[PDB]
């Protein structure tokens, strides 16, 4: 029931993409970087999936540019065949921001489904 941070990692997918974050000051998209985006299912000692995370490091420097858990109230939409818009928690404890993930048509489709289905599943987690 508790996330310890030492959960085992099950990589659901890895995809080349560009990450943009919405700048509330300029009302525009700002590129944060490009590289491999990873969706991970984190396993408990009971093989339960305590949470899922989207993690991304920009290529070259490998600086962390996205590291967010998925949550039930998360807002996601397929903005286009090649882009996904999501609300996510930002990297240095900074709050909820709106992101744009840009990738190939095929990766976008698979990613949207993977995230959407996980969000729905999280909503079923009422006791």
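Positions refer to the first chain, counted from 1.
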Checklist outcome for this item: Higher avg CA temperature factor (69-77 vs 88-96, as deposited) belongs to 88-96
Checklist outcome for this item: Ranked by mean Cα B-factor in the entry, 100-108 and 21-29, top stretch is 21-29
Item to check | Ranked C-alpha temperature factor of residue 121 among modelled chain residues, by third | outcome: lowest
Checklist outcome for this item: Temperature factor at the Cα of residue 53, chain-ranked in thirds, falls in the lowest
Item to check | Modelled-residue ranking by C-alpha temperature factor, third containing residue 45 | outcome: middle
